[PDB]
């Protein structure tokens, strides 16, 4: 697979579309092992009308959603799949901590790792950094 995977091509892999596509670009990929993706945070995003009116703060849950989407794409790429034939459900979130406020101008770097794969259910470790510092970390479960 050709890196980086641009947003236009992430869309060929997963069905998510605006305003629920929370990855901009896949930058690293080791089959069945790891993936790096980014999401640029901009004040021109729909969530910032309401979160919060004069104080833009990237919602943690959207960072979580990006983490899950990264995990899902890692899985999909690993079996050479596409959006038309395969779906991985978001099954659970495990040890999610929100450590840093993320704001417009920040580039989120997501690093995810496949830990265990018992019976179509994948357990992943996922972290989201801004400028090297951890902003959110969590364990993410996906189910085929």
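Positions refer to the first chain, counted from 1.
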item: Higher-scoring stretch by recorded Cα B factor average, 32-40 or 77-85; value: 77-85
item: Higher-B stretch (mean Cα B-factor, as the entry records it), 95-103 or 42-50; value: 95-103
item: Selection by C-alpha B-factor (highest) of 109, 58, 64, 115; value: 115
item: Position of residue 7 among the chain's modelled residues by C-alpha B-factor, lowest, middle or highest third; value: lowest
item: Chain third (lowest, middle, highest) by recorded CA B-factor, residue given as residue 25; value: middle
item: Position of residue 128 among the chain's modelled residues by C-alpha B-factor, lowest, middle or highest third; value: lowest
